[PDB]
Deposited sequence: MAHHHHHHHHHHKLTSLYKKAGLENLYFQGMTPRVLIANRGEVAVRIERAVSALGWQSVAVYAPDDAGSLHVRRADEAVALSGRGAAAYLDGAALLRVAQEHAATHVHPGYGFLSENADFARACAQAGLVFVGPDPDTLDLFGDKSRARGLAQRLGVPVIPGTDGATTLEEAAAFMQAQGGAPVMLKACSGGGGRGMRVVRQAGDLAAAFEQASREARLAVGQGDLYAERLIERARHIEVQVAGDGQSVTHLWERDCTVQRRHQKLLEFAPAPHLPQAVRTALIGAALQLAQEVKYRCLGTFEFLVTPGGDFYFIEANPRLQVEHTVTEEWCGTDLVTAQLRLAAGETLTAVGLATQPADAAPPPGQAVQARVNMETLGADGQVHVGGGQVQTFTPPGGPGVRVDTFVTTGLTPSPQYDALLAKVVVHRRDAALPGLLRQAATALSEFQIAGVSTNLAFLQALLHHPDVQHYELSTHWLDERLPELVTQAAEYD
């Protein structure tokens, strides 16, 4: 029976402890003292204190390897963030007789390298953003910028050939892709075959942090869907992918797409796909790591144009925001069509060592119309009673009532452009 070391904390470590229990396996959690009131502590079958201090304590690869040895772990689940994309760490697990819950280290190395992941995309016919592939010839950043014809470029954002030398100095030539949606494809594999759980749309972002994530992508034509999934399946198949991974794209209004990132791990938003599709991704992920087939783990091996599930779901990230305080009242929404993934209980004082996430609220219904889903999600959020720390709950409600979200007339820059209006609107919910 596996003994799974959860090399992570917070809402993901809780998540993992619940999939481990569902399998009849055992879990070993780790914690830093400033994290000790976290639900992931109590929820493990056994929790092991780290001698490190902060976020640092969870990133000490050799410390985690000591924990694993000392407590007879067989498997290491890195969750997301921390060491989930660290190929050396995966190697070191492998070396110590531990199975890393993730693809092979060579695949970690590949998808973690901008230049190798691009070249792979290019060799398979998968479009990528126009850019400088490596280094940056740099007086010429101007030359590529001149080749973009007046269109803006990201290093900072450079809009004029004149502004380049000065903006550049502040601190690698990519075309700025404007008016696009962020659409990503969930993959799974067993090392022989690959499959998919369709898509998610994570377009509503605040300085590149995702706030609202939708499965399906609203108002997406099937032809674009089947193309996105086909691209993702080609990437995964080419590396003989094992376990879970997500392939991220920017998609223009007319359905052009650009491969932007391969995340070779579980993601925060895996929850929306779970509730839309009626599937447990994390038990599947664990079983795939332990050597079962897609068919044995209960994932259908399906083509890119497979008809998507009916219904719809959205996840909202509830954040503390910044600030401090001890959590005094904390009573997340529940009941039909709502699911909440957290680590927070009453009397917790969150530590600034860790990100601002307090809870993820997933809302799901079985009809197709977006406005009805947004109304349901706003209601569920309005039932979230938090006292003692400040949150984004009003801001989430302003998002969910905004017309442009109601028609999904959105791009990845939508929110940053409208931040003052949205902050005004949020005071009606405060």
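Novice: Map the modelled residues onto the deposited sequence and report the uncovered stretches in sequence order.
Specialist: Unmodelled stretches: 1-31, 187-197, 214-226, 377-385.
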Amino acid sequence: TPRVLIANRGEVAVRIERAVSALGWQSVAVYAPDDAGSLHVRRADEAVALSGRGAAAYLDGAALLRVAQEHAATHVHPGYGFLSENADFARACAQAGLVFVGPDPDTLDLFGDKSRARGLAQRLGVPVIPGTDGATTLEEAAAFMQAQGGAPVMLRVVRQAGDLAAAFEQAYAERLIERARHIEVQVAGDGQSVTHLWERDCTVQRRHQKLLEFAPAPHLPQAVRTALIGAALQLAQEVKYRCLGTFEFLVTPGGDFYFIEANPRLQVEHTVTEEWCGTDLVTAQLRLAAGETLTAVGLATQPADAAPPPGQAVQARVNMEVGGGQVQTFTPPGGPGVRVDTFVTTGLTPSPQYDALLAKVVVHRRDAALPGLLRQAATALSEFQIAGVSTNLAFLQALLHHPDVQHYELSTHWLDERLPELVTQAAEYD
From here on, numbers count along this sequence of modelled residues.
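Novice: Taking only the CA atoms, which stretch has the higher mean B-factor in the record, 414-422 or 6-14?
Specialist: Taking the mean C-alpha B-factor of 414-422 and of 6-14, the larger value falls to 414-422.
Novice: Which wins on mean Cα temperature factor, 209-217 or 146-154?
Specialist: Per the PDB record, 146-154.
Novice: Per the PDB entry, which option out of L399, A62, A378, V361 has the greatest Cα B factor?
Specialist: In this record, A62 carries the highest C-alpha B-factor of the candidates.
Novice: Which has the highest CA B-factor per the PDB entry: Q267, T293, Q95, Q186?
Specialist: Highest C-alpha B-factor among the listed residues goes to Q95.
Novice: How does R123 rank on Cα B-factor within its chain, lowest, middle or highest third?
Specialist: Highest third.
Novice: Can you tell me which third, lowest, middle or highest, the CA B-factor of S38 falls into for its chain?
Specialist: Ranked within chain, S38 CA B lands in the middle tercile.
Novice: Would the CA B-factor of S27 place it in the lowest, middle or highest third of its chain?
Specialist: As the PDB entry reports it, the C-alpha B-factor of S27 lands in the lowest third of its chain.
Novice: Taking only the Cα B-factors deposited for this chain, tell me whether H196 sits in the lowest, middle or highest third.
Specialist: Lowest third.
Novice: Could you tell me which third, lowest, middle or highest, the C-alpha B-factor of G372 occupies within its chain?
Specialist: According to the entry, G372 has a C-alpha B-factor in the chain's lowest third.
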